[PDB]
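Student: compute the structure for the input listed below.
(8 chains, ligands or ions: 5)
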Amino acid sequence: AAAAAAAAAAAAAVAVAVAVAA
Amino acid sequence: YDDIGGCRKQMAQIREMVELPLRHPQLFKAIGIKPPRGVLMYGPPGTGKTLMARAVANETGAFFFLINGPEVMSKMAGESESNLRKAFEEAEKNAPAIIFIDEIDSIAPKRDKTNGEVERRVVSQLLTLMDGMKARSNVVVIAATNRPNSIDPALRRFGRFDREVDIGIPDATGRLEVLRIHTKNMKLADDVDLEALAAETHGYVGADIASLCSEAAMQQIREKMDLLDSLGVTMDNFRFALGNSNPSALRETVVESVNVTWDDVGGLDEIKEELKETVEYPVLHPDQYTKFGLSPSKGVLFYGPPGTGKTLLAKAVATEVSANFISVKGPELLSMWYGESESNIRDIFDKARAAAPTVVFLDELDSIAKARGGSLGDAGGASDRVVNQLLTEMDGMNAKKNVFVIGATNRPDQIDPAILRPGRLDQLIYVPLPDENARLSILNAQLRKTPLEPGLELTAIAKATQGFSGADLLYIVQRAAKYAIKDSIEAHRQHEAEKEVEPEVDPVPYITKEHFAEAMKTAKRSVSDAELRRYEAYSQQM
Amino acid sequence: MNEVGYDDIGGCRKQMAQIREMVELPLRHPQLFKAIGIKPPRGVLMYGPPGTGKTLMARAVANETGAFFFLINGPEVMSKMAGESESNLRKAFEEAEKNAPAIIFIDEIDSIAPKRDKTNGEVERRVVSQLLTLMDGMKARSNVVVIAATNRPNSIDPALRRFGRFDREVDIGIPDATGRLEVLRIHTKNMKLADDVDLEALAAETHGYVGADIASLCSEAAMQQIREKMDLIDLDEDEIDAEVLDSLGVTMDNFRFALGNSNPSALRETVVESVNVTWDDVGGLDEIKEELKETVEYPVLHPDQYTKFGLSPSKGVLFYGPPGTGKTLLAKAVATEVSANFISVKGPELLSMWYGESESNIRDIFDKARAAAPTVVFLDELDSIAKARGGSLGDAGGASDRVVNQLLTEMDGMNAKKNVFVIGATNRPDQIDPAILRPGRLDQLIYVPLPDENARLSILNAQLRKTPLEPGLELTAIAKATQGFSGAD
Amino acid sequence: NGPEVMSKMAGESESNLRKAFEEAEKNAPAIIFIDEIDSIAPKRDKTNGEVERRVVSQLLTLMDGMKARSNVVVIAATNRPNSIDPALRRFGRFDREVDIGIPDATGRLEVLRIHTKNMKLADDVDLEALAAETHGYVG
Amino acid sequence: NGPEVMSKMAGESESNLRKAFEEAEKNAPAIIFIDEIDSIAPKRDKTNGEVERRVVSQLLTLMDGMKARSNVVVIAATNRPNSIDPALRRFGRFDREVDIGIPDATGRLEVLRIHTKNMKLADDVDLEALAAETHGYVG
Amino acid sequence: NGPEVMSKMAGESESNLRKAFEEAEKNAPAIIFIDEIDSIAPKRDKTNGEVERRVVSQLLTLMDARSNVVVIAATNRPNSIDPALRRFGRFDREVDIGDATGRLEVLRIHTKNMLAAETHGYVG
Amino acid sequence: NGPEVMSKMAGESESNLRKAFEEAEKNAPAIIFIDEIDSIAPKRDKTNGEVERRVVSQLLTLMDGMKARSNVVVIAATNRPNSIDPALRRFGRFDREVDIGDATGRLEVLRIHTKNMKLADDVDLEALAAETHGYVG
Amino acid sequence: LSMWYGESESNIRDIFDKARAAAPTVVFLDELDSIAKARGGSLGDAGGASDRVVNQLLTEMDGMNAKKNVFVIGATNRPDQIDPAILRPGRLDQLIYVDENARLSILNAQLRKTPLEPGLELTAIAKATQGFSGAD
Ligand SMILES: [Mg+2]
Ligand SMILES: [Mg+2]
Ligand SMILES: [Mg+2]
Ligand SMILES: [Mg+2]
Ligand SMILES: [Mg+2]
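Tutor: Numbering: from 1, shown residues only, chains lettered A, B, ... in the order given. Ligands and ions are numbered 1, 2, ... in the order given. Right below this line is the structure:
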């Protein structure tokens, strides 16, 4: 008999960055 | 068949499709065109899919075979494919039957982002079985999915499930038909006006009418159980049930009930009249719209100094307008993950659709569609994507299913020029600082329920406060109330101490004029002259 | 005796009546609903914060109603064999329908309905579809009602909320003062108390506790009494004498101590560190002290007069002045003395590198604040988080702008706005946005000036209240000599 | 142990937790110590994995519910409690939180005596000076 | 190896660590060398991925806990010592942090001799000069 | 290939790399050409993804180990390469494959089975 | 076709691709039609499976493994011009694409389809072919 | 328009890349003054962004040979604020100066799908309105 499986792999994120302006 | 209502055209099409290949196929052979076998149903949940399928099965009398979506799997090695094969074999071998697969998405996920070899197998087996469509069988398939987009596109191929029928949200006539159909077994009182109830059930769709009826019956039954054959649901009972309930789709986004009347918003009379005309005329004079042939505006932006009352007008519209209303906060849409933001904006606008009329109040628009000047600097790199999604979903709304989005920002200078373009959000209402008459109106509207002494002349206060904003007036009134409450507390404490060793029931029945006089010593204008200048400059420039 | 009757639940009389009606009337008086003509609703969803009484309500219904009762734990349905969970659900529903007219209780359905669109599990999507089909479809139900309990209703699948599947959604929310009194009387009907105990004062002084929180209070009070009287009596494992074992009694001091220790479970994550300050510890600032004290104590202690006049109270306040004058000291005094809950947050504490998590943190903080209301929220150095918009050419996606906009909407928007007091403390209010300074958000702008001679003397007396001093020493000269000093100096 | 319960099969972590609690309750009045719960309770709101949500809900239901616990006390240990689902930080589930923090001078002296009672020492060594000069040691 | 343990499945990497440690302990008093722990230990505070947190917790429970270790020693290697969970750097898990840094010129001479001894070279080449010349070249 | 071996599944790209190294070491002394190493070498400090640091550690484990097998790499910008990778035993020799006579030689070798001054900007 | 390449046997898709390519090289200088390439080529960046990557690598090494004595060409039709691997659009496999953006073919399709019914006696299919602009197939 | 050199420049660069890709084409630059602004001297971040935009436009328009036959059409209300560096010969030399009949045609194209009264003439509105525009 066959069977299933549970698996959670990953996701994605979108960071933010502060800069310095002359 | 008569039980299902509000879907005249779709029901006629389904009836033709199901009867012609099942009642007399001689004419189909004579013409030569073979009517299709697979039939799909699409639309919001509860629209009537299962009811319509059961009504077609009963009205036709053809043998039936229900395939519960998630019930096709099995425990033993390799029995789902055999189960589906034997189901189709019995459906063909027994008679010119009809097979109905409920929740097709549960079985035909897709052929791409679909793992689970067993699942893929079952999908391919179903695709093949539907591929082997022999007209001599005289068996048609009816599919009913509430998620028409997430279907395996191979099933959409010609030869299997080719004709779709978008059973959409019922209209006013459909709502009246559904109300009449559902209210026939119930003993309705004489005073009930189902036509009025249907004209008022603006955003209700399908099951929502049934919910309204059930709630009304329950309320009446409790109303007369607390106090036999003298049992009847009245118009006031049905009105109460309708007021309690909300449209089923927009259940999740149901805002908490904050009361506000059109007389509570002091001042801004012409602005409120124009807003009421703009929101009610497109929804009440369709004959006028048709005769004119001009597309009504589908947006508005309030701009002005802080505290002028933009959110108050939005609340008044949400309370008094006879349509649904979904409030959105600026940063609320943003999400950490990649894509989630635009997905949430799309879900919000989709929910706004399918329940027309709707009113999406976007508060503090300088957070959703801000002027994205900085681009060279790398940051989130998603604000442009959000702005583009909002622009596409504000410019892409169809003329049908009018959904007017009201925007509200305190500083319009940061609002991108794109959204303020014709078609997306045209009308720009400016809420100026109240004048003396507006200030008097605001004060009288805010002190409606406040008991006050007989000799109070609010006109003097208004005449004195000249540059004061509505928030300043609210602060003045709250300070007066606080001083009066303190005086009452002190008097009550003194009286209680004396009796422990005397004022009346209310030591301070009314807010004293001296109380307001002392309260107004600490009041000042909320908006300064630089901000007033900048807002006036923006107004005259635009 | 331990069986919980329908009277055990308290503070939720309305919801109790609604659930009792839906569960009993279609069974006690079916004739009434056949006479009216239509069938009653057959689905209920309980939702609210944890520790409010939903599972208690399930126990009460199970104990009271004589009909069959079937229990489904949330994840319990899942299994290892392929396509077996749906078999389990079918078995449960068939047994429920077959045996008798019955009530199924499906606890923690949140975990089983991941909305079917954000979820990616195959077994999960099949369990959702199998539920939908069993709940509604060809031969959906026959004299069976379903009760579900959840803590996050927005996670439930939209198809499950429509009429026909879950007709009524009851909100088991935070109790009110009368609810707290009823809960206290319910929980203290079995434990033996000293007659001096006064439950009304305890219910008044409890401000955000819901259900299990009050239960914890009672338990802790009892344990304090046990560890107050188990000291005089030795260990004595063999036996404890009758004289001590009886006539124990629970004094009000135990309840006060347990109230001084416990805090609402919702705020357990943001509980402030203990600090010992008092009002007499603050020298000078008499008028500001009394104004703040009355502005915080009036809405919470005298609600009838406010409702008599039909006007809402003032909420916000902003201290501003030169550094080292006593702003944070006043905030500490309010935190320790005033009865309302305290959430102390620093200025730049809540910002985060990710996209949107600053505003998510702000929304969570304000949601907690209005959840366990009444609360006072202390925003130290408001010029850090609330700056003018559009000032900076280069920015991290306008995060500061979105933060200030989120603050504006949370402090004033489409919310109930029952009772949250925002106190701001910044020594440079020029960077504060005018929208924030507008009345209705922070309406009271209190300037904390430099102390004069009598205020400097008051401060010196306040600061020397716990130090032994030369009896001949006087402070009047020191006060007369400092003319520009501050409290820190 | 914390991550000891997780398994690849769908519906097996919760089965393991159920088996553990059933074994604990079926035998005698027992004590359950769960170490490093910060890996099992990821707040069920910030996490996105379905199996994590399901395990958290299983633990919450097994801990509190109908016929929840019959004479078993549960102990948990964590290095960061703020990253736990609030539903677990409630009375009935985790009634009371003890804070085992940095010891003081007396505690450090006690620890030194405890750890230097089986080893041999000279007579010139005094522990009080060591506990005084030792400042930030966590024990 | 650093990344060889962890897998995409739910609760399999933790099984890899458990299998490794159990086989070692059952086998004999043994040494366990782990390379590039910085890939396994992202400090549980900057690691969004939940499998990472479970791996760190399982490792912590293996080294530290009830009867955690017996006659088995552990050695770790990371180019970036800072990039590691502070709970690991505590005594009992990783007691002593030894730095194998750049050697002195004498160490360079030793390295040159060790390399040179097997291979065959002309008699004119002297190692002392070359070693003195190469100051920063390591290993 | 660089972007071919990288995936979102945890521990699958490293398993594929280990499988490739075992197949290269199983049959014979062979030549491995791993192309575009700069996508899977983010210098372990500028990146945010865990899989990139994990696959650099996988390359360092499989590379340093080898039984008579030489590896070749390929990149455009050599500064985004881990120092451990550019070490002796892994990438101990760096070859700069960057004129008119070479372009004429390429024209001669490209016109064997089947202009050097005008095509001044042709890479090859 | 696209999704007709999967079989119960694991990896059988590569064996089917090799069998088809060796049959087309064995029989004659011919032409291969690969319909619905969007199922075989999932653009290699948004996908997460492994047998899709394996069958894409097999199709790449089979399009690349054509010598001069094969003399076979391949034709492939697609719906969207964006969900294609750039490794499949590289120089060597697919470089000459056409952009099919008529009335005679529409009249031919009409006379093919509608000639099996008792139609009418007063019909002019030239007007239906002229007034029909964007229909296909 | 973006922050400054780079993103804005890359936008104009890939706009002209799409233009040279879809040869022949017409690039209708609406409101030329807003883009050019006669770079001159402004001495700020906005001045630097304007100068970089003008330099990108000049170096991506002057590189158009007889091949690829693109055609840029500009339109403005104020011709005073346009850059003389963009009104030079060799880049953009034509100057079309731009009525009653066009106003009547605009009113007749705007009143196409409208149920107008039959007894109504628009020549009175055309003669009364002289310096108006299609938007008004
Ligand atoms: Mg249905
Ligand atoms: Mg507002
Ligand atoms: Mg509960
Ligand atoms: Mg301070
Ligand atoms: Mg330990």
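Student: ok, residue B:353 to ligand 2 distance?
Tutor: Per C-beta to the ion, to the nearest Å, residue B:353 is found 26 Å from ligand 2. Any C-beta I mention is one placed from the backbone N, CA and C, and that applies to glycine too.
Student: contacting residues for residue B:146?
Tutor: Counting by C-beta atoms under 8 Å, 6 or more residues apart in numbering or on different chains, residue B:146 touches B:43-45, B:49, B:103, B:105, C:159.
Student: in chain B, what residue lies closest to chain E?
Tutor: Residue nearest to chain E within chain B (C-beta to the nearest C-beta): residue B:336, separated by 9.3 Å.
Student: still on that earlier bit, between the contacts of residue B:146, which has the most around it?
Tutor: Among the contacts of residue B:146, residue B:103 has the most neighbours (other C-beta atoms under 10 Å in any protein chain shown), with 27 neighbours.
Student: burial count for the nearest residue in space to that one that is not next to it in sequence?
Tutor: For residue B:103, ignoring the flanking residues on the chain, the nearest one in space by C-beta to C-beta, 6 or more residues apart in numbering or on different chains is residue B:69 at 3.1 Å. The tally of other residues near residue B:69 (other C-beta under 10 Å) stands at 23.
Student: leaving out chain neighbours, which residue sits closest to the residue of chain B closest to chain E?
Tutor: residue C:354 (4.7 Å).
Student: tell me the phi and psi of that neighbour?
Tutor: Taking degrees, to the nearest 10, you get phi -70, psi -180 for the backbone angles of residue C:354.
Student: touching, it and residue A:15? I think so.
Tutor: Yes: the criterion here is C-beta atoms under 8 Å, and residue C:354 meets it with residue A:15 at 5.9 Å.
Student: show me what contacts residue B:515?
Tutor: Per C-beta under 8 Å, 6+ apart, neighbours of residue B:515: B:480, B:483-484, B:487.
Student: repeat that with 10 Å
Tutor: B:453, B:479-488, B:508 (C-beta atoms under 10 Å, 6 or more residues apart in numbering or on different chains).
Student: cool, residue B:22 as well?
Tutor: B:35, B:56, B:60-62, B:96-98, B:138-140.
Student: give me the buried subset of the contacts of residue B:515.
Tutor: Among the contacts of residue B:515, those scoring as buried are B:479-488, B:508 (criterion: 16 or more other C-beta atoms under 10 Å in any protein chain shown).
Student: what's the distance between the closest residue to ligand 4 within chain C and chain F?
Tutor: Residue nearest to ligand 4 within chain C: residue C:328 (3.2 Å; C-beta to the ion). The gap separating residue C:328 from chain F is 37 Å, by C-beta to the nearest C-beta, to the nearest Å.
Student: quick one: neighbours of that residue, just the number.
Tutor: The burial count for residue C:328: 15, using other C-beta under 10 Å.
Student: just residue B:499 next, same as before
Tutor: The burial count for residue B:499: 8, using other C-beta under 10 Å.
Student: what helix or strand does it sit in?
Tutor: Element membership of residue B:499 [criterion: DSSP states H and E] is helix B:470-500.
Student: which strands and helices sit next to that helix?
Tutor: Counting contacts by 3 or more C-beta pairs under 10 Å, 6 or more residues apart in numbering or on different chains; DSSP states H and E, helix B:470-500 packs against helix B:436-446, helix B:458-464, helix B:513-519, helix C:286-301, helix C:303-309.
Student: any part of that helix near ligand 2?
Tutor: No: in terms of C-beta under 5 Å from the ion, no part of helix B:470-500 sits within range of ligand 2; the closest distance is 9.4 Å.
Student: please consider this matter closed, and thank you.
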